[PDB]
>>> print(open('upload.cif').read())   # mmCIF, C-alpha atoms
data_final
loop_
_atom_site.group_PDB
_atom_site.id
_atom_site.type_symbol
_atom_site.label_atom_id
_atom_site.label_comp_id
_atom_site.auth_asym_id
_atom_site.auth_seq_id
_atom_site.Cartn_x
_atom_site.Cartn_y
_atom_site.Cartn_z
ATOM 1 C CA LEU A 1 -2.613 28.167 -23.012
ATOM 2 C CA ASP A 2 -6.262 29.279 -23.678
ATOM 3 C CA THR A 3 -5.797 32.805 -22.154
ATOM 4 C CA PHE A 4 -7.874 35.956 -23.010
ATOM 5 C CA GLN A 5 -6.096 37.596 -26.029
ATOM 6 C CA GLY A 6 -7.398 41.191 -25.640
ATOM 7 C CA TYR A 7 -5.683 43.414 -28.286
ATOM 8 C CA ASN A 8 -2.395 44.197 -26.367
ATOM 9 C CA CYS A 9 -0.312 43.041 -23.305
ATOM 10 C CA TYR A 10 -2.288 45.357 -20.898
ATOM 11 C CA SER A 11 -5.866 44.546 -22.156
ATOM 12 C CA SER A 12 -4.921 40.787 -22.300
ATOM 13 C CA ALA A 13 -3.928 40.806 -18.559
ATOM 14 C CA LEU A 14 -7.053 42.865 -17.542
ATOM 15 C CA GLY A 15 -9.445 40.575 -19.520
ATOM 16 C CA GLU A 16 -7.694 37.372 -18.240
ATOM 17 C CA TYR A 17 -8.119 38.545 -14.571
ATOM 18 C CA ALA A 18 -11.768 39.654 -15.246
ATOM 19 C CA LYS A 19 -12.548 36.247 -16.927
ATOM 20 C CA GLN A 20 -10.993 34.105 -14.096
ATOM 21 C CA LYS A 21 -12.532 36.354 -11.333
ATOM 22 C CA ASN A 22 -15.980 36.713 -13.073
ATOM 23 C CA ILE A 23 -15.736 40.586 -13.198
ATOM 24 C CA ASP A 24 -18.543 41.896 -15.503
ATOM 25 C CA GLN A 25 -18.199 44.344 -18.488
ATOM 26 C CA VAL A 26 -14.311 44.400 -18.637
ATOM 27 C CA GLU A 27 -14.025 41.672 -21.379
ATOM 28 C CA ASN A 28 -16.793 43.154 -23.651
ATOM 29 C CA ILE A 29 -15.355 46.747 -23.268
ATOM 30 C CA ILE A 30 -11.893 45.380 -24.392
ATOM 31 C CA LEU A 31 -13.345 43.217 -27.262
ATOM 32 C CA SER A 32 -15.391 46.243 -28.592
ATOM 33 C CA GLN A 33 -12.329 48.631 -28.675
ATOM 34 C CA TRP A 34 -11.639 50.274 -32.098
ATOM 35 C CA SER A 35 -8.471 52.453 -32.126
ATOM 36 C CA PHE A 36 -5.292 53.363 -34.076
ATOM 37 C CA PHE A 37 -2.364 55.625 -32.990
ATOM 38 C CA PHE A 38 0.897 56.775 -34.685
ATOM 39 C CA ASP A 39 3.750 58.778 -33.016
ATOM 40 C CA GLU A 40 6.553 59.821 -35.473
ATOM 41 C CA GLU A 41 8.830 60.863 -32.506
ATOM 42 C CA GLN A 42 8.481 57.329 -30.951
ATOM 43 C CA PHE A 43 9.219 55.952 -34.507
ATOM 44 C CA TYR A 44 12.728 57.590 -34.660
ATOM 45 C CA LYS A 45 13.498 56.531 -31.009
ATOM 46 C CA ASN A 46 12.568 52.925 -32.112
ATOM 47 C CA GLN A 47 9.954 52.824 -29.285
ATOM 48 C CA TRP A 48 6.467 51.227 -29.820
ATOM 49 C CA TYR A 49 5.139 53.895 -32.255
ATOM 50 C CA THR A 50 1.839 52.505 -33.765
ATOM 51 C CA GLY A 51 -0.979 49.902 -33.387
ATOM 52 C CA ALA A 52 -4.263 49.957 -31.372
ATOM 53 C CA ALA A 53 -2.901 52.038 -28.415
ATOM 54 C CA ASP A 54 0.193 53.594 -26.723
ATOM 55 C CA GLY A 55 1.568 51.683 -23.665
ATOM 56 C CA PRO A 56 2.557 50.010 -21.538
ATOM 57 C CA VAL A 57 -0.729 51.140 -19.800
ATOM 58 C CA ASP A 58 -3.645 51.767 -22.268
ATOM 59 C CA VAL A 59 -4.965 55.099 -20.790
ATOM 60 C CA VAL A 60 -7.780 55.268 -23.460
ATOM 61 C CA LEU A 61 -9.017 51.763 -22.341
ATOM 62 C CA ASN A 62 -8.872 52.976 -18.656
ATOM 63 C CA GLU A 63 -11.048 56.005 -19.727
ATOM 64 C CA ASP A 64 -13.495 53.566 -21.494
ATOM 65 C CA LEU A 65 -13.703 51.218 -18.412
ATOM 66 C CA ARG A 66 -14.361 54.300 -16.148
ATOM 67 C CA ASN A 67 -16.906 55.976 -18.534
ATOM 68 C CA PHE A 68 -18.916 52.806 -19.505
ATOM 69 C CA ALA A 69 -18.710 50.537 -16.373
ATOM 70 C CA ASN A 70 -17.406 52.999 -13.659
ATOM 71 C CA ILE A 71 -14.414 50.542 -13.360
ATOM 72 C CA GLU A 72 -11.072 52.003 -12.079
ATOM 73 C CA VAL A 73 -7.662 50.276 -12.627
ATOM 74 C CA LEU A 74 -5.622 51.384 -9.537
ATOM 75 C CA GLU A 75 -1.774 51.425 -9.908
ATOM 76 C CA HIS A 76 -0.007 50.105 -6.733
ATOM 77 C CA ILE A 77 3.747 51.008 -6.571
ATOM 78 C CA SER A 78 5.746 49.019 -3.924
ATOM 79 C CA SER A 79 9.308 48.479 -2.543
ATOM 80 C CA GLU A 80 11.270 45.146 -2.495
ATOM 81 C CA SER A 81 10.508 45.090 1.314
ATOM 82 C CA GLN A 82 6.666 44.938 0.829
ATOM 83 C CA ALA A 83 6.059 43.883 -2.862
ATOM 84 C CA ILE A 84 6.132 40.056 -2.220
ATOM 85 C CA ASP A 85 4.292 40.352 1.183
ATOM 86 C CA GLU A 86 1.484 42.353 -0.582
ATOM 87 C CA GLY A 87 1.584 39.716 -3.401
ATOM 88 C CA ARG A 88 0.959 36.865 -0.872
ATOM 89 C CA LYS A 89 -1.966 38.940 0.625
ATOM 90 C CA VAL A 90 -3.489 39.504 -2.895
ATOM 91 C CA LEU A 91 -3.027 35.765 -3.845
ATOM 92 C CA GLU A 92 -4.482 34.387 -0.530
ATOM 93 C CA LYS A 93 -7.521 36.741 -1.137
ATOM 94 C CA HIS A 94 -8.113 37.068 -4.960
ATOM 95 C CA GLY A 95 -5.817 34.224 -6.250
ATOM 96 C CA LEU A 96 -4.197 36.444 -8.976
ATOM 97 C CA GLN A 97 -2.070 39.670 -9.148
ATOM 98 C CA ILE A 98 -1.521 41.775 -12.357
ATOM 99 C CA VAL A 99 2.185 42.911 -12.299
ATOM 100 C CA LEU A 100 4.346 45.110 -14.604
ATOM 101 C CA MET A 101 7.475 43.050 -15.513
ATOM 102 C CA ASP A 102 10.633 43.523 -17.651
ATOM 103 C CA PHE A 103 9.973 41.204 -20.686
ATOM 104 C CA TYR A 104 13.826 40.724 -20.803
ATOM 105 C CA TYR A 105 13.347 38.064 -18.018
ATOM 106 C CA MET A 106 10.234 36.518 -19.760
ATOM 107 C CA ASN A 107 10.663 33.918 -22.608
ATOM 108 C CA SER A 108 6.995 34.344 -23.742
ATOM 109 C CA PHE A 109 7.278 34.098 -27.604
ATOM 110 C CA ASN A 110 9.418 31.571 -29.602
ATOM 111 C CA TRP A 111 10.869 33.610 -32.556
ATOM 112 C CA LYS A 112 12.391 30.330 -33.964
ATOM 113 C CA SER A 113 8.728 29.440 -34.897
ATOM 114 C CA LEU A 114 9.163 32.213 -37.591
ATOM 115 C CA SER A 115 12.805 31.140 -38.436
ATOM 116 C CA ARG A 116 14.281 34.095 -36.399
ATOM 117 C CA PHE A 117 17.208 32.622 -34.337
ATOM 118 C CA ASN A 118 18.932 35.984 -33.457
ATOM 119 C CA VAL A 119 16.512 36.675 -30.514
ATOM 120 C CA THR A 120 17.704 40.127 -29.199
ATOM 121 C CA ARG A 121 16.953 40.522 -25.419
ATOM 122 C CA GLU A 122 15.264 43.952 -24.768
ATOM 123 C CA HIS A 123 14.366 45.704 -21.439
ATOM 124 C CA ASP A 124 10.673 46.366 -22.423
ATOM 125 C CA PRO A 125 7.780 46.583 -19.884
ATOM 126 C CA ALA A 126 5.051 43.858 -20.165
ATOM 127 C CA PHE A 127 2.099 42.564 -18.027
ATOM 128 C CA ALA A 128 2.008 39.094 -16.369
ATOM 129 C CA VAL A 129 -0.605 37.492 -14.024
ATOM 130 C CA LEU A 130 1.144 36.141 -10.854
ATOM 131 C CA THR A 131 -0.655 32.879 -9.776
ATOM 132 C CA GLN A 132 1.780 31.306 -7.192
ATOM 133 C CA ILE A 133 4.534 32.625 -4.808
ATOM 134 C CA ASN A 134 6.826 29.859 -3.354
ATOM 135 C CA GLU A 135 10.088 30.311 -1.310
ATOM 136 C CA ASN A 136 12.699 30.382 -4.157
ATOM 137 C CA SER A 137 10.364 30.640 -7.251
ATOM 138 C CA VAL A 138 7.073 32.132 -8.660
ATOM 139 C CA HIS A 139 4.617 31.025 -11.439
ATOM 140 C CA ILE A 140 3.346 33.721 -13.913
ATOM 141 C CA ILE A 141 0.946 33.616 -16.944
ATOM 142 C CA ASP A 142 1.648 35.848 -20.009
ATOM 143 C CA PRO A 143 -1.958 35.858 -21.342
ATOM 144 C CA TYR A 144 -1.047 37.921 -24.499
ATOM 145 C CA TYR A 145 1.483 35.231 -25.697
ATOM 146 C CA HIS A 146 -0.552 32.338 -24.064
ATOM 147 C CA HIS A 147 2.659 31.317 -22.169
ATOM 148 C CA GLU A 148 3.244 30.288 -18.508
ATOM 149 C CA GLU A 149 6.738 30.103 -16.903
ATOM 150 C CA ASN A 150 8.329 29.480 -13.457
ATOM 151 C CA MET A 151 10.853 32.199 -12.408
ATOM 152 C CA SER A 152 13.432 32.215 -9.528
ATOM 153 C CA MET A 153 12.392 34.719 -6.763
ATOM 154 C CA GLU A 154 15.717 36.536 -7.584
ATOM 155 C CA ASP A 155 14.778 36.966 -11.326
ATOM 156 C CA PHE A 156 11.112 37.922 -10.474
ATOM 157 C CA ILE A 157 12.409 40.770 -8.183
ATOM 158 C CA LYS A 158 14.979 41.911 -10.865
ATOM 159 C CA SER A 159 12.170 41.970 -13.539
ATOM 160 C CA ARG A 160 9.963 44.123 -11.181
ATOM 161 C CA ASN A 161 12.690 46.720 -10.204
ATOM 162 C CA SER A 162 14.346 46.869 -13.708
ATOM 163 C CA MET A 163 15.137 50.029 -15.769
ATOM 164 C CA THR A 164 13.423 49.584 -19.214
ATOM 165 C CA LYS A 165 13.286 51.557 -22.534
ATOM 166 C CA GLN A 166 9.966 53.066 -21.186
ATOM 167 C CA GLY A 167 11.282 53.841 -17.622
ATOM 168 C CA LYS A 168 12.000 52.052 -14.285
ATOM 169 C CA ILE A 169 9.500 49.412 -12.976
ATOM 170 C CA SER A 170 8.957 49.755 -9.153
ATOM 171 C CA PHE A 171 6.988 46.518 -8.344
ATOM 172 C CA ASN A 172 3.923 48.102 -10.099
ATOM 173 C CA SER A 173 0.678 46.036 -9.754
ATOM 174 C CA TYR A 174 -2.841 46.828 -11.129
ATOM 175 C CA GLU A 175 -6.142 46.288 -9.207
ATOM 176 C CA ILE A 176 -9.501 46.188 -11.122
ATOM 177 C CA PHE A 177 -11.723 48.194 -8.671
ATOM 178 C CA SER A 178 -15.435 49.260 -8.827
ATOM 179 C CA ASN A 179 -17.495 51.194 -6.197
ATOM 180 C CA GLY A 180 -20.805 51.054 -8.177
ATOM 181 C CA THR A 181 -20.562 49.476 -11.702
ATOM 182 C CA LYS A 182 -22.773 50.171 -14.795
ATOM 183 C CA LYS A 183 -23.964 47.894 -17.693
ATOM 184 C CA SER A 184 -23.389 48.755 -21.420
ATOM 185 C CA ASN A 185 -24.990 46.901 -24.405
ATOM 186 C CA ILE A 186 -22.405 45.794 -27.070
ATOM 187 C CA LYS A 187 -24.087 48.082 -29.727
ATOM 188 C CA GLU A 188 -23.609 51.161 -27.409
ATOM 189 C CA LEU A 189 -19.872 50.276 -26.850
ATOM 190 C CA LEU A 190 -19.233 49.865 -30.654
ATOM 191 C CA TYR A 191 -21.358 52.989 -31.543
ATOM 192 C CA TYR A 192 -19.174 55.192 -29.216
ATOM 193 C CA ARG A 193 -15.839 53.605 -30.394
ATOM 194 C CA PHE A 194 -16.608 54.025 -34.163
ATOM 195 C CA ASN A 195 -17.969 57.602 -33.618
ATOM 196 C CA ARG A 196 -14.720 58.448 -31.681
ATOM 197 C CA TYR A 197 -12.586 56.697 -34.406
ATOM 198 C CA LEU A 198 -14.040 58.999 -37.157
ATOM 199 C CA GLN A 199 -14.243 62.203 -34.974
ATOM 200 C CA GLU A 200 -10.498 61.867 -33.993
ATOM 201 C CA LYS A 201 -9.659 60.808 -37.641
ATOM 202 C CA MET A 202 -7.719 57.698 -36.394
ATOM 203 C CA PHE A 203 -7.789 56.456 -40.071
ATOM 204 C CA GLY A 204 -5.653 59.608 -40.740
ATOM 205 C CA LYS A 205 -2.927 58.147 -38.424
ATOM 206 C CA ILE A 206 -2.821 55.013 -40.711
ATOM 207 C CA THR A 207 -2.176 57.429 -43.674
ATOM 208 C CA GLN A 208 0.605 59.191 -41.626
ATOM 209 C CA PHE A 209 2.214 55.765 -40.770
ATOM 210 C CA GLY A 210 2.159 54.904 -44.537
ATOM 211 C CA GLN A 211 3.742 58.315 -45.440
ATOM 212 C CA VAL A 212 6.638 57.766 -42.912
ATOM 213 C CA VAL A 213 7.196 54.161 -44.275
ATOM 214 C CA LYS A 214 7.507 55.678 -47.835
ATOM 215 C CA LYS A 215 10.386 57.918 -46.529
ATOM 216 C CA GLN A 216 12.464 54.921 -45.157
ATOM 217 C CA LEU A 217 13.666 54.000 -48.735
ATOM 218 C CA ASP A 218 17.273 55.134 -47.786
ATOM 219 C CA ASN A 219 17.196 53.919 -44.095
ATOM 220 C CA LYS A 220 19.754 51.048 -43.609
ATOM 221 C CA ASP A 221 18.400 50.603 -40.001
ATOM 222 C CA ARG A 222 15.285 48.376 -40.586
ATOM 223 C CA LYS A 223 14.462 47.962 -36.815
ATOM 224 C CA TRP A 224 11.335 50.201 -37.402
ATOM 225 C CA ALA A 225 9.844 47.362 -39.583
ATOM 226 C CA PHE A 226 10.296 44.758 -36.747
ATOM 227 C CA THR A 227 8.782 47.217 -34.173
ATOM 228 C CA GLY A 228 5.903 47.902 -36.661
ATOM 229 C CA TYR A 229 5.276 44.127 -37.209
ATOM 230 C CA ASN A 230 4.891 43.608 -33.393
ATOM 231 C CA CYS A 231 2.852 46.879 -32.930
ATOM 232 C CA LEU A 232 0.255 45.930 -35.642
ATOM 233 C CA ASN A 233 -0.665 42.524 -34.041
ATOM 234 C CA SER A 234 -2.938 44.739 -31.804
ATOM 235 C CA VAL A 235 -4.898 45.919 -34.935
ATOM 236 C CA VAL A 236 -5.249 42.286 -36.254
ATOM 237 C CA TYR A 237 -6.610 41.239 -32.781
ATOM 238 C CA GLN A 238 -9.164 44.155 -32.789
ATOM 239 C CA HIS A 239 -10.347 42.970 -36.288
ATOM 240 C CA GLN A 240 -10.617 39.289 -35.101
ATOM 241 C CA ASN A 241 -12.330 40.455 -31.824
ATOM 242 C CA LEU A 242 -15.007 42.389 -33.859
ATOM 243 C CA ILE A 243 -15.590 39.279 -36.119
ATOM 244 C CA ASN A 244 -15.995 37.168 -32.897
ATOM 245 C CA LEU A 245 -18.487 39.839 -31.582
ATOM 246 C CA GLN A 246 -20.398 39.712 -34.957
ATOM 247 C CA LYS A 247 -20.783 35.868 -34.547
ATOM 248 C CA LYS A 248 -21.682 35.922 -30.792
ATOM 249 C CA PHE A 249 -24.277 38.801 -30.872
ATOM 250 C CA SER A 250 -25.332 38.145 -34.558
ATOM 251 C CA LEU A 251 -24.462 41.845 -35.308
ATOM 252 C CA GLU A 252 -24.947 43.745 -38.628
ATOM 253 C CA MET A 253 -21.404 44.396 -40.053
ATOM 254 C CA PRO A 254 -20.165 45.787 -43.408
ATOM 255 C CA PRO A 255 -19.216 42.764 -45.578
ATOM 256 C CA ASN A 256 -15.408 43.430 -45.966
ATOM 257 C CA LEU A 257 -14.317 42.994 -42.262
ATOM 258 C CA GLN A 258 -12.478 39.665 -43.019
ATOM 259 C CA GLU A 259 -10.894 41.396 -46.102
ATOM 260 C CA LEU A 260 -9.648 44.246 -43.780
ATOM 261 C CA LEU A 261 -8.170 41.657 -41.306
ATOM 262 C CA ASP A 262 -6.474 39.880 -44.307
ATOM 263 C CA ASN A 263 -5.050 43.283 -45.523
ATOM 264 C CA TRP A 264 -3.503 43.972 -42.037
ATOM 265 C CA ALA A 265 -2.092 40.371 -41.936
ATOM 266 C CA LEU A 266 -0.504 41.003 -45.412
ATOM 267 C CA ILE A 267 0.995 44.376 -44.189
ATOM 268 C CA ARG A 268 2.491 42.562 -41.112
ATOM 269 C CA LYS A 269 3.931 39.779 -43.384
ATOM 270 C CA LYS A 270 5.592 42.351 -45.758
ATOM 271 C CA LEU A 271 7.038 44.360 -42.770
ATOM 272 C CA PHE A 272 8.610 41.150 -41.274
ATOM 273 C CA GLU A 273 9.930 40.108 -44.760
ATOM 274 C CA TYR A 274 11.367 43.679 -45.242
ATOM 275 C CA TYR A 275 13.060 43.586 -41.752
ATOM 276 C CA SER A 276 14.703 40.137 -42.308
ATOM 277 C CA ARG A 277 14.962 39.533 -46.138
ATOM 278 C CA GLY A 278 16.481 42.961 -47.087
ATOM 279 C CA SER A 279 13.974 43.774 -49.923
ATOM 280 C CA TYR A 280 13.545 47.376 -51.302
ATOM 281 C CA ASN A 281 9.684 47.469 -51.227
ATOM 282 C CA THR A 282 9.054 50.408 -48.765
ATOM 283 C CA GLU A 283 6.878 51.918 -51.591
ATOM 284 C CA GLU A 284 4.788 48.655 -51.803
ATOM 285 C CA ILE A 285 4.274 48.482 -47.968
ATOM 286 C CA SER A 286 3.506 52.284 -47.931
ATOM 287 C CA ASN A 287 0.823 51.802 -50.697
ATOM 288 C CA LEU A 288 -0.841 48.845 -48.813
ATOM 289 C CA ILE A 289 -0.958 50.998 -45.583
ATOM 290 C CA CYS A 290 -2.392 54.129 -47.359
ATOM 291 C CA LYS A 291 -4.972 51.842 -49.147
ATOM 292 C CA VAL A 292 -6.151 50.146 -45.857
ATOM 293 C CA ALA A 293 -6.442 53.687 -44.293
ATOM 294 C CA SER A 294 -9.109 54.637 -46.948
ATOM 295 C CA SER A 295 -10.867 51.212 -46.465
ATOM 296 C CA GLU A 296 -10.871 51.611 -42.604
ATOM 297 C CA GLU A 297 -12.380 55.166 -42.930
ATOM 298 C CA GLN A 298 -15.208 53.783 -45.191
ATOM 299 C CA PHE A 299 -15.658 50.671 -42.922
ATOM 300 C CA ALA A 300 -16.057 52.884 -39.773
ATOM 301 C CA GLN A 301 -18.702 55.075 -41.569
ATOM 302 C CA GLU A 302 -20.562 51.924 -42.845
ATOM 303 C CA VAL A 303 -20.559 50.321 -39.303
ATOM 304 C CA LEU A 304 -22.462 53.397 -37.898
ATOM 305 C CA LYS A 305 -25.142 53.003 -40.684
ATOM 306 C CA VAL A 306 -25.803 49.204 -40.250
ATOM 307 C CA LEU A 307 -24.932 48.613 -36.507
#
>>> encode(input="upload.cif", output="structure tokens")
Amino acid sequence: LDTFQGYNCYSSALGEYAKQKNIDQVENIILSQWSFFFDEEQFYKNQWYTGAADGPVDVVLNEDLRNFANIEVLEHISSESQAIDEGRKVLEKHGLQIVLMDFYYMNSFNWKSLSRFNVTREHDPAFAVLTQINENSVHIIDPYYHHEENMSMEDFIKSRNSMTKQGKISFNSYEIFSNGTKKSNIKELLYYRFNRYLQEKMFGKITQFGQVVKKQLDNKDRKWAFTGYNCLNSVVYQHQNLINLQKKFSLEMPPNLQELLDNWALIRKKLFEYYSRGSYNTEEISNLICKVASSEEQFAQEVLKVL
């Protein structure tokens, strides 16, 4: 499908809704995001430990939407008794509902496309856009993986009341609400993001990630490298989103943005090859990560000068 990518599952679903429903500011606020996080405690629990933002809900993006556009994302929790009824209300009014779903019941990405046939089923939370409720089935879009699927009403309910690695889903839905919006120019959005990036030393978290990778030289459990590969797609998307902004608004950018994207793509490739091919190149992957950290710090400083 040709769905709004965003930079993660949450921002994808928000931007897809906002695009289809013609809600102003949301898309540009998502596409202008510039962030990196690392959590060493999440690393050793093999939870989602790095990338653009923590999840499943991107609280920093919710703060940005509130601060820049006065847009609130309201969390609706429901019971099995009311969840579908409320769904039918939301569909017959707005046409779409953003739902939290157990990805275990969603076949969004084909791992066989990357020659990975041992497709481990995991109870992870993800965001879908509900488009149709029938008697014995529903239709949902996964805008992050550009996938649609039809799901039995039984499986849809299971996916929305499921215990996951990140806690129990309770028919959670997300409403994009605004009682008095505001307009932000794309330069203002980027200026704030890149100032915040440097002030919070988010480049420093790339260094920390690289240091922890270095120390996995004796770790027989390579699951961290698979988790990392998936986590870092969010950073690649942010890089591509900024290139797409540069084109659209004819912005002044430092000249090595494509080079930075290519570096992140190479890091992802080496992490996936390490996970699956059983190489002993944790030092190589560590050095690429620590190098891109320095380059991202310089890039962020240069953006503020030329923007």
>>> resolve_selection(input="upload.cif", expression="the PyMOL selection byres ((chain A and resi 23-29) around 10)", output="MDAnalysis selection string")
chainID A and resid 4 6 11:12 14:22 30:33 61 64:65 68:71 176:178 181:186 189:190 193 241 245
>>> write_last_selection(input="upload.cif", atoms="C-alpha atoms", output="CSV table (one decimal), in the coordinates of the input")
chain,number,residue,atom,x,y,z
A,4,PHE,CA,-7.9,36.0,-23.0
A,6,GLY,CA,-7.4,41.2,-25.6
A,11,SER,CA,-5.9,44.5,-22.2
A,12,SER,CA,-4.9,40.8,-22.3
A,14,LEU,CA,-7.1,42.9,-17.5
A,15,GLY,CA,-9.4,40.6,-19.5
A,16,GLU,CA,-7.7,37.4,-18.2
A,17,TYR,CA,-8.1,38.5,-14.6
A,18,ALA,CA,-11.8,39.7,-15.2
A,19,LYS,CA,-12.5,36.2,-16.9
A,20,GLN,CA,-11.0,34.1,-14.1
A,21,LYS,CA,-12.5,36.4,-11.3
A,22,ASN,CA,-16.0,36.7,-13.1
A,30,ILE,CA,-11.9,45.4,-24.4
A,31,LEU,CA,-13.3,43.2,-27.3
A,32,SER,CA,-15.4,46.2,-28.6
A,33,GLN,CA,-12.3,48.6,-28.7
A,61,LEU,CA,-9.0,51.8,-22.3
A,64,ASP,CA,-13.5,53.6,-21.5
A,65,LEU,CA,-13.7,51.2,-18.4
A,68,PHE,CA,-18.9,52.8,-19.5
A,69,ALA,CA,-18.7,50.5,-16.4
A,70,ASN,CA,-17.4,53.0,-13.7
A,71,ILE,CA,-14.4,50.5,-13.4
A,176,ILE,CA,-9.5,46.2,-11.1
A,177,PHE,CA,-11.7,48.2,-8.7
A,178,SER,CA,-15.4,49.3,-8.8
A,181,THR,CA,-20.6,49.5,-11.7
A,182,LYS,CA,-22.8,50.2,-14.8
A,183,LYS,CA,-24.0,47.9,-17.7
A,184,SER,CA,-23.4,48.8,-21.4
A,185,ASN,CA,-25.0,46.9,-24.4
A,186,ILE,CA,-22.4,45.8,-27.1
A,189,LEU,CA,-19.9,50.3,-26.8
A,190,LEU,CA,-19.2,49.9,-30.7
A,193,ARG,CA,-15.8,53.6,-30.4
A,241,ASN,CA,-12.3,40.5,-31.8
A,245,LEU,CA,-18.5,39.8,-31.6
>>> closest_residue(input="upload.cif", among="A:63, A:287, A:297, A:44", to="residue 202 in chain A", atoms="all atoms listed in the file")
A:297
>>> closest_residue(input="upload.cif", among="A:148, A:262, A:135, A:122", to="residue 163 in chain A", atoms="all atoms listed in the file")
A:122
>>> resolve_selection(input="upload.cif", expression="the PyMOL selection byres ((chain A and resi 153) around 9)", output="MDAnalysis selection string")
chainID A and resid 133:138 151:152 154:158
>>> atom_distance(input="upload.cif", atom1="CA of residue 286 in chain A", atom2="CA of residue 206 in chain A")
10.0 Å
>>> residues_around(input="upload.cif", residues="residue 91 in chain A", least_positions_apart="5", cutoff="12 Å", atoms="only C-alpha atoms", output="list in words")
residues 84, 85, 86, 96, 97, 98, 129, 130, 131, 132, 133, 134, 138 and 139 of chain A
>>> atom_distance(input="upload.cif", atom1="CA of residue 82 in chain A", atom2="CA of residue 171 in chain A")
9.3 Å
>>> resolve_selection(input="upload.cif", expression="the PyMOL selection byres ((chain A and resi 221) around 12)", output="compact mmCIF listing (two decimals) with C-alpha atoms, in the frame of the given file")
# COMPACT_ATOMS: atom_id res chain seq x y z
CA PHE A 43 9.22 55.95 -34.51
CA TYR A 44 12.73 57.59 -34.66
CA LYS A 45 13.50 56.53 -31.01
CA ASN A 46 12.57 52.92 -32.11
CA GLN A 216 12.46 54.92 -45.16
CA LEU A 217 13.67 54.00 -48.74
CA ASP A 218 17.27 55.13 -47.79
CA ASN A 219 17.20 53.92 -44.10
CA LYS A 220 19.75 51.05 -43.61
CA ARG A 222 15.28 48.38 -40.59
CA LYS A 223 14.46 47.96 -36.82
CA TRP A 224 11.34 50.20 -37.40
CA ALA A 225 9.84 47.36 -39.58
CA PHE A 226 10.30 44.76 -36.75
CA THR A 227 8.78 47.22 -34.17
CA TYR A 274 11.37 43.68 -45.24
CA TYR A 275 13.06 43.59 -41.75
CA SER A 276 14.70 40.14 -42.31
CA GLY A 278 16.48 42.96 -47.09
>>> atom_distance(input="upload.cif", atom1="CA of residue 104 in chain A", atom2="CA of residue 121 in chain A")
5.6 Å
>>> closest_residue(input="upload.cif", among="A:198, A:292, A:169, A:232", to="residue 304 in chain A", atoms="only C-alpha atoms")
A:198
>>> closest_residue(input="upload.cif", among="A:55, A:167, A:125, A:87", to="residue 103 in chain A", atoms="all atoms listed in the file")
A:125
>>> residues_near_point(input="upload.cif", point="(-7.0, 47.8, -15.1)", cutoff="7 Å", atoms="only C-alpha atoms", output="list in words")
residues 14, 62, 72, 73, 74, 174, 175 and 176 of chain A
>>> closest_residue(input="upload.cif", among="A:78, A:100, A:237, A:60", to="residue 166 in chain A", atoms="only C-alpha atoms")
A:100
>>> axis_aligned_box(input="upload.cif", around="range 120-138 of chain A", padding_each_side="5 Å", output="AutoDock Vina command-line options")
--center_x 8.5 --center_y 38.2 --center_z -15.3 --size_x 28.4 --size_y 26.7 --size_z 37.9
>>> residues_around(input="upload.cif", residues="residue 119 in chain A", least_positions_apart="4", cutoff="12 Å", atoms="all atoms listed in the file", output="VMD selection string")
chain A and resid 104 107 to 115 226
>>> write_last_selection(input="upload.cif", atoms="C-alpha atoms", output="short mmCIF file (atom, residue, chain, number, x, y, z; two decimals), in the coordinates of the input")
data_model
loop_
_atom_site.label_atom_id
_atom_site.label_comp_id
_atom_site.auth_asym_id
_atom_site.auth_seq_id
_atom_site.Cartn_x
_atom_site.Cartn_y
_atom_site.Cartn_z
CA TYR A 104 13.83 40.72 -20.80
CA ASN A 107 10.66 33.92 -22.61
CA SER A 108 7.00 34.34 -23.74
CA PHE A 109 7.28 34.10 -27.60
CA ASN A 110 9.42 31.57 -29.60
CA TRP A 111 10.87 33.61 -32.56
CA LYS A 112 12.39 30.33 -33.96
CA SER A 113 8.73 29.44 -34.90
CA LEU A 114 9.16 32.21 -37.59
CA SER A 115 12.80 31.14 -38.44
CA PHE A 226 10.30 44.76 -36.75
#
>>> residues_around(input="upload.cif", residues="residue 3 in chain A", least_positions_apart="2", cutoff="7 Å", atoms="all atoms listed in the file", output="PyMOL selection string")
chain A and resi 1+5+16+143+146
>>> write_last_selection(input="upload.cif", atoms="C-alpha atoms", output="mmCIF file, in the coordinates of the input")
data_model
loop_
_atom_site.group_PDB
_atom_site.id
_atom_site.type_symbol
_atom_site.label_atom_id
_atom_site.label_comp_id
_atom_site.auth_asym_id
_atom_site.auth_seq_id
_atom_site.Cartn_x
_atom_site.Cartn_y
_atom_site.Cartn_z
ATOM 1 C CA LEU A 1 -2.613 28.167 -23.012
ATOM 2 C CA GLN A 5 -6.096 37.596 -26.029
ATOM 3 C CA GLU A 16 -7.694 37.372 -18.240
ATOM 4 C CA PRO A 143 -1.958 35.858 -21.342
ATOM 5 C CA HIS A 146 -0.552 32.338 -24.064
#
